[PDB]
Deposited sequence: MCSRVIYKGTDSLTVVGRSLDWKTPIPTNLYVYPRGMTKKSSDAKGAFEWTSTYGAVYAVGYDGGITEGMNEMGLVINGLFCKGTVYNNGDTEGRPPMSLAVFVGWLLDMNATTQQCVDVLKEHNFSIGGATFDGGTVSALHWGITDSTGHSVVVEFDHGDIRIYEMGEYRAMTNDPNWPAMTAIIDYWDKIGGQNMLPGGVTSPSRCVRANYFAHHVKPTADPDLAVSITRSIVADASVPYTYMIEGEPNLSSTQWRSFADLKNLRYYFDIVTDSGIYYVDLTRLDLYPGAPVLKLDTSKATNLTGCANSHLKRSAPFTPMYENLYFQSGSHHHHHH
């Protein structure tokens, strides 16, 4: 994974994110309205919650939420990193359903009133640009001025490598490898050295170019090839998505969807959207909630 934060002008913030894996990971888009009651897990002692906000989920294998953006502009991305039970399939949605800002996610995660059941670490950004890194004891790191976030190593060891290369100068040398530190240093440098703009369509084009450079070429094997990329427009509530083999990039506009209590669940089958561009709201079909694995 490679997660980039682009802060344009006029409070415009775009969060890029690319999925790198040796095998294709079937991921579909699900739009959930408010008022839905979900369970934390299927084991004994699991708790429930009613979704306060509506959100769109990038559900991999139609079983677990890899990432998502809610109607408040809150974005949470899950990245690989080598008490009441809280499954990983609904952990991202539980924070999206109940919280509106990054600070609200930090307060709930600081309580740690849950257990979790090859692992992951998350990055949470709100519409205000406040971004943190959550890594498991739970450790919440404030990104501050950092813009990129990949897999390994941990965040303290990552910022050390970032500060080491920042003294060398990105204008002079950057690591061109596919390793997570190499992709993080490149993405962080480019995120600081691109022009800030107020146009939402241009900010996604700029964020796409940074994520493209930090992307692993497809079928790379001498095998974490980039499978797909996502870009969240936090100010305009647009969630972009594209498969690296498809011909068009499309977005789901939450401001044009019915997220009220009682609305039906919509689903975008990405396997049937190979040539779709522009807004993909009309291609959302009324479906049932995905079954947690």
(request) Go through the deposited sequence from residue 1 and tell me which stretches lack C-alpha coordinates, in order. (result) 1, 84-94, 130-138, 158-160, 247-251, 323-338
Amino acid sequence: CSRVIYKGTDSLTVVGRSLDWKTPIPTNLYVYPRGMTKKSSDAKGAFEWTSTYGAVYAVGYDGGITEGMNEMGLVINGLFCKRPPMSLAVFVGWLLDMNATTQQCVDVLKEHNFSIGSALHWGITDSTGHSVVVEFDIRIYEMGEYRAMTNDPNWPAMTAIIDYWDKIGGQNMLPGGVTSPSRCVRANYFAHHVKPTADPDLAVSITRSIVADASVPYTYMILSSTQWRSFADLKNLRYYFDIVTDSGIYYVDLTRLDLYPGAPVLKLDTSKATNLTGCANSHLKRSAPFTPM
From here on, numbers count along this sequence of modelled residues.
(request) Quick one: say whether 162-170 or 99-107 has the higher mean Cα B-factor in the deposited entry. (result) 99-107
(request) Could you settle it for me: does 39-47 or 227-235 have the higher average Cα B factor in the PDB entry? (result) 39-47
(request) In terms of CA temperature factor as recorded, identify the highest of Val211, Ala157, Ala191, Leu120. (result) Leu120
(message) Is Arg139 in the lowest, middle or highest third of its chain when residues are ranked by C-alpha B-factor?
(response) middle
(message) Splitting the chain's C-alpha B-factors into thirds, which one does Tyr260 fall into?
(response) highest
(message) What third of the chain does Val185 rank in for C-alpha temperature factor, lowest, middle or highest?
(response) lowest
(message) By the recorded C-alpha temperature factor, relative to the other modelled residues in its chain, which third is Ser18 in?
(response) middle
(request) Would you check the entry's CA temperature factor for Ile76 and let me know if it's in the chain's lowest, middle or highest third? (result) middle
